[PDB]
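Heads up, the thing below is written out as structure tokens.
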Amino acid sequence: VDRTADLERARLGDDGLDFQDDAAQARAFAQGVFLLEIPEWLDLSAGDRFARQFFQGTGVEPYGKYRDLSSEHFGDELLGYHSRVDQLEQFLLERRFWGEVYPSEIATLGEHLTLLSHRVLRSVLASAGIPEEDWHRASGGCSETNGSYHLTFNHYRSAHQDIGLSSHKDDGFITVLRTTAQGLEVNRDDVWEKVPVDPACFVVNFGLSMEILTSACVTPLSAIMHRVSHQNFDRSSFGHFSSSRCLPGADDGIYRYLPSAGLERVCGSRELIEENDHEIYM
Ligand SMILES: CC[C@H](C)[C@@H]1NC(=O)[C@@]2(NC1=O)OC[C@](C)(O)[C@@H]2O
Ligand SMILES: O=C(O)CCC(=O)C(=O)O
Ligand SMILES: [Cl-]
Ligand SMILES: [Cl-]
Ligand SMILES: [Fe+2]
């Protein structure tokens with residue numbers, strides 16, 4: 001693909017998300033993807049280094065050892081190191097383990113991104129016309145700080161003859177993606193387009209839970225279809241993912257908002273992730 005998407009750029013300011021104007025904000029939310037300026041005080045260098053190292057094993061300091069932590073170590077099949085069928089290999093960790101398992105500076109990064117994402121999500125919920133007292137249940141806790149949050153590190157193995165990462169929608173409400181190299185593509189309006197590279201911005205997009213939640217609103221919001229093209233050289237990235245609380249045995253559920261009525265349950269949060277990962281990776 002040779003077309004490059006023209007995305008709207010936003011900033012977090014005194015009143016929440018600031019786009020250039022109300023029309024720009026509407027286009028961004030209608031597309032389900034936009035750029036978000038990275039706060040100047042926020043240090044991403046340890047996260048960038050973790051994404052470059054996590055897969056390399058205990059010979060490589062300080063982060064290569066996370067290659068050896070599989071899902072078995074967490075009692076949760078979703079977490080730890082995972083080789084995917086595509087070029088991608090990942091390390092995924094939910095917030096309840098960050099303080100104990102991640103390096104301290106990586107847990108700190110995760111916490112910063114959680115509070116940034118929280119602020120982004122609340123701006124979106126307000127634009128959707130959902131009553132504020134329904135936000136906590138509608139977002140499975142992400143309208144406050146009680147959601148499930150995964151800080152997930154990605155490395156694309158260019159020696160594998162696969163697509164980088166198959167076409168998919170994310171599971172949750174908000175993904176804050178840190179990417180510094182080409183490869184991410186988005187499908188708005190049934191044409192694949194490259195996401196412009198800008199290491200001064202995150203890429204923000206909505207997941208399936210945002211789409212389900214707002215599907216009956218006057219302006220439904222989409223979970224952007226996106227992929228990573230086959231990489232001829234290595235690539236890395238990381239993202240902060242916000243989902244309805246999906247702990248084993250403590251699942252907040254996924255809801256659709258019915259204007260003038262309230263929230264109706266659609267499915268489980270973990271169930272949605274499992275069904276989505278099935279539909280993606282085959
Ligand atoms: C347990 C997953 C968690 C809810 C979150 N959501 C996701 O969609 C993602 N990663 C995450 O960290 O999992 C699958 C994926 C397409 O590779 C993407 O990277
Ligand atoms: O690496 C990227 O740019 C995208 C990663 C992604 O889409 C995901 O982890 O769900
Ligand atoms: Cl601010
Ligand atoms: Cl590329
Ligand atoms: Fe994604």
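The way I read the labels, and the way they are meant: chains A, B, ... in the order of the structure tokens, residue 1 as the first residue of every chain, and ligand 1 as the first ligand shown, with later ones counted on from there.
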
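Restricting the atom set to only C-alpha atoms and all ligand atoms, one finds that the residues within 7 Å of ligand 2 amount to residues 154, 170, 177, 179, 183, 184, 226, 227, 228, 236, 237, 238 and 239 of chain A.
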
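Residues in contact with residue 90 (chain A) at up to 10 Å, not including ones fewer than 6 positions away on its chain and judged by only C-alpha atoms, are residues 51, 54, 55, 67, 79, 80, 81, 82, 83, 84, 152, 153, 154, 155, 156, 236, 237 and 238 of chain A.
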
Output the selection as a short mmCIF file (atom, residue, chain, number, x, y, z; two decimals), in the first residue's frame - C-alpha atoms for each residue.
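Printed below is result.cif as written:
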data_model
loop_
_atom_site.label_atom_id
_atom_site.label_comp_id
_atom_site.auth_asym_id
_atom_site.auth_seq_id
_atom_site.Cartn_x
_atom_site.Cartn_y
_atom_site.Cartn_z
CA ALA A 51 10.55 -3.73 23.42
CA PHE A 54 12.48 -8.66 26.03
CA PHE A 55 12.66 -11.52 23.52
CA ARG A 67 11.67 -14.11 27.48
CA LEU A 79 0.17 -13.15 30.03
CA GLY A 80 3.93 -13.58 29.76
CA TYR A 81 5.96 -14.26 26.62
CA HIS A 82 4.05 -15.42 23.51
CA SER A 83 5.33 -16.35 20.06
CA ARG A 84 2.55 -15.61 17.59
CA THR A 152 2.38 -5.16 26.07
CA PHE A 153 5.70 -5.19 24.21
CA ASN A 154 5.95 -6.24 20.55
CA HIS A 155 8.86 -7.41 18.39
CA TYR A 156 8.51 -8.32 14.71
CA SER A 236 9.41 -3.14 17.79
CA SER A 237 6.65 -1.18 19.54
CA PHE A 238 4.59 -1.29 22.69
#

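Going from CA of residue 218 (chain A) over to CA of residue 124 (chain A), you cover 13.9 Å.
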
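Using only C-alpha atoms and all ligand atoms, the shortest contact distance between ligand 3 and any of A:21, A:9, A:39, A:181 is found at A:39.
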
Env. residues ligand 1 / 9 Å / only C-alpha atoms and all ligand atoms / as a ChimeraX atom specification: /A:77-79,84,88-94,148-154,165-172,175,207-208,238-244,246,269-270,273-274,276-277,280-281

Generate a file of the selected residues that holds N, CA and C atoms, formatted as a short mmCIF file (atom, residue, chain, number, x, y, z; two decimals), in the first residue's frame.
data_model
loop_
_atom_site.label_atom_id
_atom_site.label_comp_id
_atom_site.auth_asym_id
_atom_site.auth_seq_id
_atom_site.Cartn_x
_atom_site.Cartn_y
_atom_site.Cartn_z
N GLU A 77 -3.38 -17.57 31.04
CA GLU A 77 -2.84 -17.93 29.73
C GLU A 77 -2.54 -16.73 28.85
N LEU A 78 -3.14 -15.58 29.12
CA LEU A 78 -2.96 -14.42 28.26
C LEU A 78 -1.62 -13.72 28.47
N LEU A 79 -0.94 -13.98 29.58
CA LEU A 79 0.17 -13.15 30.03
C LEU A 79 1.52 -13.82 29.77
N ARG A 84 3.76 -15.52 18.39
CA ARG A 84 2.55 -15.61 17.59
C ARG A 84 2.84 -16.32 16.25
N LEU A 88 5.12 -11.37 14.67
CA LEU A 88 5.10 -10.82 16.02
C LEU A 88 5.41 -11.86 17.10
N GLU A 89 6.25 -11.47 18.06
CA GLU A 89 6.28 -12.10 19.37
C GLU A 89 6.06 -11.01 20.42
N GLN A 90 5.44 -11.37 21.54
CA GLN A 90 4.97 -10.38 22.52
C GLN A 90 5.36 -10.74 23.94
N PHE A 91 5.43 -9.72 24.80
CA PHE A 91 5.35 -9.93 26.24
C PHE A 91 4.19 -9.09 26.77
N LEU A 92 3.22 -9.75 27.40
CA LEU A 92 1.98 -9.12 27.85
C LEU A 92 1.91 -9.24 29.36
N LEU A 93 1.59 -8.13 30.04
CA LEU A 93 1.47 -8.20 31.49
C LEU A 93 0.39 -7.24 31.97
N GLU A 94 -0.56 -7.76 32.75
CA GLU A 94 -1.63 -6.96 33.34
C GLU A 94 -1.15 -6.25 34.60
N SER A 148 -8.96 -3.47 33.59
CA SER A 148 -7.79 -4.30 33.33
C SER A 148 -6.90 -3.58 32.34
N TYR A 149 -5.61 -3.51 32.64
CA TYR A 149 -4.67 -2.75 31.83
C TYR A 149 -3.50 -3.65 31.50
N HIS A 150 -3.21 -3.81 30.21
CA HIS A 150 -2.05 -4.58 29.78
C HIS A 150 -1.03 -3.64 29.17
N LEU A 151 0.20 -3.69 29.69
CA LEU A 151 1.34 -3.05 29.04
C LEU A 151 2.05 -4.16 28.27
N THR A 152 2.04 -4.05 26.95
CA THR A 152 2.38 -5.16 26.07
C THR A 152 3.47 -4.72 25.11
N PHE A 153 4.53 -5.52 25.01
CA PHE A 153 5.70 -5.19 24.21
C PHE A 153 5.75 -6.12 23.00
N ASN A 154 6.04 -5.55 21.83
CA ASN A 154 5.95 -6.24 20.55
C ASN A 154 7.30 -6.21 19.84
N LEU A 165 1.67 -8.47 11.61
CA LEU A 165 0.58 -8.81 12.52
C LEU A 165 -0.70 -8.76 11.71
N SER A 166 -1.48 -9.83 11.76
CA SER A 166 -2.68 -9.94 10.94
C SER A 166 -3.65 -8.80 11.22
N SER A 167 -4.45 -8.49 10.20
CA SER A 167 -5.57 -7.57 10.32
C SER A 167 -6.44 -7.91 11.53
N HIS A 168 -6.75 -6.90 12.34
CA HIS A 168 -7.51 -7.17 13.56
C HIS A 168 -8.05 -5.86 14.13
N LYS A 169 -8.98 -6.02 15.06
CA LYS A 169 -9.40 -4.97 15.97
C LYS A 169 -8.91 -5.34 17.36
N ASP A 170 -8.50 -4.33 18.14
CA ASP A 170 -8.13 -4.58 19.52
C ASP A 170 -9.37 -4.92 20.34
N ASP A 171 -9.16 -5.54 21.50
CA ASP A 171 -10.29 -6.03 22.29
C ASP A 171 -11.03 -4.94 23.06
N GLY A 172 -10.34 -3.90 23.53
CA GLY A 172 -10.78 -3.12 24.68
C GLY A 172 -11.44 -1.81 24.32
N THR A 175 -6.54 1.81 23.13
CA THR A 175 -5.14 1.40 23.02
C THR A 175 -4.30 2.66 22.84
N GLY A 207 -10.95 -0.03 20.65
CA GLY A 207 -11.10 -1.46 20.49
C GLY A 207 -12.56 -1.88 20.37
N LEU A 208 -12.74 -3.19 20.32
CA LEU A 208 -14.07 -3.76 20.12
C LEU A 208 -15.04 -3.32 21.21
N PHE A 238 5.32 -0.82 21.53
CA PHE A 238 4.59 -1.29 22.69
C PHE A 238 3.31 -0.49 22.81
N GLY A 239 2.36 -1.06 23.54
CA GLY A 239 1.07 -0.42 23.70
C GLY A 239 0.55 -0.63 25.10
N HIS A 240 -0.27 0.32 25.54
CA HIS A 240 -1.04 0.23 26.77
C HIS A 240 -2.50 -0.01 26.38
N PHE A 241 -3.07 -1.10 26.87
CA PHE A 241 -4.40 -1.55 26.49
C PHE A 241 -5.32 -1.47 27.70
N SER A 242 -6.50 -0.87 27.53
CA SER A 242 -7.49 -0.72 28.60
C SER A 242 -8.71 -1.57 28.26
N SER A 243 -9.06 -2.48 29.16
CA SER A 243 -10.18 -3.38 28.95
C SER A 243 -11.06 -3.39 30.18
N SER A 244 -12.33 -3.72 29.97
CA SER A 244 -13.20 -4.02 31.09
C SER A 244 -12.53 -5.07 31.97
N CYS A 246 -11.05 -7.93 33.56
CA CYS A 246 -11.16 -9.29 33.04
C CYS A 246 -10.30 -10.28 33.84
N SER A 269 -15.70 -9.92 29.45
CA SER A 269 -14.50 -9.25 28.97
C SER A 269 -13.46 -10.28 28.51
N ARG A 270 -13.14 -11.25 29.37
CA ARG A 270 -12.21 -12.31 28.97
C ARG A 270 -12.75 -13.10 27.78
N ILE A 273 -12.00 -11.21 24.63
CA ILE A 273 -10.58 -11.32 24.27
C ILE A 273 -10.29 -12.67 23.63
N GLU A 274 -10.82 -13.75 24.21
CA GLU A 274 -10.59 -15.09 23.68
C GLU A 274 -11.21 -15.24 22.29
N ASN A 276 -11.80 -12.91 20.19
CA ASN A 276 -11.11 -12.05 19.25
C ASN A 276 -9.77 -12.66 18.85
N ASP A 277 -8.99 -13.10 19.85
CA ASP A 277 -7.69 -13.71 19.56
C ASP A 277 -7.85 -14.95 18.69
N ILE A 280 -8.47 -13.64 15.12
CA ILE A 280 -7.29 -12.96 14.58
C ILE A 280 -6.27 -13.97 14.09
N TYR A 281 -5.60 -14.63 15.05
CA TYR A 281 -4.47 -15.52 14.84
C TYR A 281 -4.87 -16.84 14.21
#

For the strand (DSSP E) assignment from backbone DSSP, which residues of region 71-180 of chain A qualify? Please present them as a PyMOL selection string. chain A and resi 80-83+88-94+148-156+165-168+174-179

Contact check, chain A to ligand 3, at most 10 Å, counting only C-alpha atoms and all ligand atoms, closest pairs as JSON lines:
{"residue": "A:11", "atom": "CA", "partner": "ligand 3", "partner_atom_place_in_ligand_line": "1 (Cl)", "distance": 7.8}
{"residue": "A:12", "atom": "CA", "partner": "ligand 3", "partner_atom_place_in_ligand_line": "1 (Cl)", "distance": 4.7}
{"residue": "A:13", "atom": "CA", "partner": "ligand 3", "partner_atom_place_in_ligand_line": "1 (Cl)", "distance": 3.8}
{"residue": "A:14", "atom": "CA", "partner": "ligand 3", "partner_atom_place_in_ligand_line": "1 (Cl)", "distance": 5.3}
{"residue": "A:15", "atom": "CA", "partner": "ligand 3", "partner_atom_place_in_ligand_line": "1 (Cl)", "distance": 8.0}
{"residue": "A:16", "atom": "CA", "partner": "ligand 3", "partner_atom_place_in_ligand_line": "1 (Cl)", "distance": 7.1}
{"residue": "A:17", "atom": "CA", "partner": "ligand 3", "partner_atom_place_in_ligand_line": "1 (Cl)", "distance": 8.6}
{"residue": "A:18", "atom": "CA", "partner": "ligand 3", "partner_atom_place_in_ligand_line": "1 (Cl)", "distance": 9.6}
{"residue": "A:39", "atom": "CA", "partner": "ligand 3", "partner_atom_place_in_ligand_line": "1 (Cl)", "distance": 8.0}
{"residue": "A:116", "atom": "CA", "partner": "ligand 3", "partner_atom_place_in_ligand_line": "1 (Cl)", "distance": 9.0}
{"residue": "A:119", "atom": "CA", "partner": "ligand 3", "partner_atom_place_in_ligand_line": "1 (Cl)", "distance": 9.1}

All residues 12 Å or closer to residue 22 (chain A), only C-alpha atoms, same chain fewer than 5 positions away omitted, as a ChimeraX atom specification: /A:8,10,17,27-29,127

Any chance you could export the current selection's C-alpha atoms as an mmCIF file, in the first residue's frame?
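The new file result-v1.cif reads:
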data_model
loop_
_atom_site.group_PDB
_atom_site.id
_atom_site.type_symbol
_atom_site.label_atom_id
_atom_site.label_comp_id
_atom_site.auth_asym_id
_atom_site.auth_seq_id
_atom_site.Cartn_x
_atom_site.Cartn_y
_atom_site.Cartn_z
ATOM 1 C CA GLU A 8 -6.065 14.150 13.277
ATOM 2 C CA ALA A 10 -4.751 15.813 19.604
ATOM 3 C CA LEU A 17 -8.550 16.001 24.695
ATOM 4 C CA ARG A 27 -13.616 12.886 12.351
ATOM 5 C CA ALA A 28 -11.004 11.374 14.696
ATOM 6 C CA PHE A 29 -13.644 9.667 16.847
ATOM 7 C CA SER A 127 -18.657 12.960 23.657
#

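Using only C-alpha atoms and all ligand atoms for every distance, the candidate list A:120, A:143, A:2, A:248 yields A:2 as the residue closest to ligand 4.
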
List as a ChimeraX atom specification the protein and nucleic acid residues near region 129-141 of chain A, meaning an atom at most 9 Å away when only C-alpha atoms are counted, but skip any in the same chain fewer than 3 places from it. /A:121-122,125-126,144-148,173,209-210,213-214,217-218,243-246,251-257,259,262-263,269

When distances are computed from only C-alpha atoms, which of A:62, A:202, A:74, A:163 shows the smallest separation from residue 100 (chain A)? A:74

Neighbourhood of ligand 4 at 6 Å, counting only C-alpha atoms and all ligand atoms, reported as an MDAnalysis selection string: chainID A and resid 182:183 229 231

Just to be explicit: take each residue in the selection above, keep N, CA, C and O atoms, and write the result as a PDB file, in the first residue's frame.
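In the end it all went to result.pdb:
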ATOM      1  N   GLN A 182       7.867   2.591  10.552  1.00  0.00           N
ATOM      2  CA  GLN A 182       6.770   2.260   9.644  1.00  0.00           C
ATOM      3  C   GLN A 182       6.352   0.787   9.783  1.00  0.00           C
ATOM      4  O   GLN A 182       7.105  -0.062  10.263  1.00  0.00           O
ATOM      5  N   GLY A 183       5.139   0.486   9.318  1.00  0.00           N
ATOM      6  CA  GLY A 183       4.624  -0.872   9.312  1.00  0.00           C
ATOM      7  C   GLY A 183       3.156  -0.955   9.691  1.00  0.00           C
ATOM      8  O   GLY A 183       2.414  -1.800   9.181  1.00  0.00           O
ATOM      9  N   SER A 229       2.370  -4.631   8.322  1.00  0.00           N
ATOM     10  CA  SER A 229       2.839  -5.293   7.115  1.00  0.00           C
ATOM     11  C   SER A 229       4.071  -6.144   7.412  1.00  0.00           C
ATOM     12  O   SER A 229       4.789  -5.938   8.406  1.00  0.00           O
ATOM     13  N   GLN A 231       7.587  -7.321   7.693  1.00  0.00           N
ATOM     14  CA  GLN A 231       8.767  -6.518   7.976  1.00  0.00           C
ATOM     15  C   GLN A 231       9.994  -7.211   7.390  1.00  0.00           C
ATOM     16  O   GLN A 231      10.228  -8.394   7.656  1.00  0.00           O
TER      17      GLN A 231
END

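Separating CA of residue 42 (chain A) from CA of residue 95 (chain A) is a distance of 18.8 Å.
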
Let me make sure I understand: among A:33, A:233, A:162, A:58, which one has the smallest atom-to-atom distance to ligand 5 if we use only C-alpha atoms and all ligand atoms? A:33

Just the number, please: distance in Å from CA of residue 187 (chain A) to CA of residue 265 (chain A), one decimal. 28.4 Å

Could you give me the residues within region 97-135 of chain A that DSSP places in alpha helix (DSSP H), as a ChimeraX atom specification? /A:98-101,104-127,135

Could you please take those selected residues and save C-alpha atoms as a JSON list (two decimals), in the first residue's frame?
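Once written, result-v2.json looks like this:
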[["chain", "number", "residue", "atom", "x", "y", "z"],
["A", 98, "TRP", "CA", 3.47, -4.76, 37.26],
["A", 99, "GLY", "CA", 4.88, -3.84, 40.69],
["A", 100, "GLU", "CA", 5.95, -7.39, 41.47],
["A", 101, "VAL", "CA", 7.13, -8.60, 38.03],
["A", 104, "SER", "CA", 10.34, -0.67, 38.59],
["A", 105, "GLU", "CA", 10.83, 1.89, 35.79],
["A", 106, "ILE", "CA", 8.59, -0.17, 33.47],
["A", 107, "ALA", "CA", 5.82, -0.35, 36.08],
["A", 108, "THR", "CA", 6.14, 3.44, 36.42],
["A", 109, "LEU", "CA", 5.71, 3.83, 32.66],
["A", 110, "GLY", "CA", 2.64, 1.60, 32.81],
["A", 111, "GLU", "CA", 1.14, 3.75, 35.57],
["A", 112, "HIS", "CA", 1.72, 7.00, 33.63],
["A", 113, "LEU", "CA", 0.05, 5.46, 30.56],
["A", 114, "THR", "CA", -2.87, 4.21, 32.65],
["A", 115, "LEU", "CA", -3.66, 7.73, 33.91],
["A", 116, "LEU", "CA", -3.12, 9.26, 30.46],
["A", 117, "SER", "CA", -5.45, 6.67, 28.91],
["A", 118, "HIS", "CA", -8.01, 7.26, 31.68],
["A", 119, "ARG", "CA", -8.09, 10.94, 30.74],
["A", 120, "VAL", "CA", -8.47, 10.09, 27.03],
["A", 121, "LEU", "CA", -11.28, 7.62, 27.73],
["A", 122, "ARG", "CA", -13.27, 10.08, 29.84],
["A", 123, "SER", "CA", -13.18, 12.67, 27.03],
["A", 124, "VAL", "CA", -14.54, 10.03, 24.63],
["A", 125, "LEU", "CA", -17.28, 8.88, 27.02],
["A", 126, "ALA", "CA", -18.42, 12.50, 27.42],
["A", 127, "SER", "CA", -18.66, 12.96, 23.66],
["A", 135, "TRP", "CA", -19.40, 5.33, 33.02]]

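Take the candidates A:75, A:46, A:211, A:24 and check each one against residue 266 (chain A) using only C-alpha atoms; the shortest distance goes to A:211.
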
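If you measure from each of A:60, A:174, A:23, A:250 to ligand 5 using only C-alpha atoms and all ligand atoms, the closest one turns out to be A:174.
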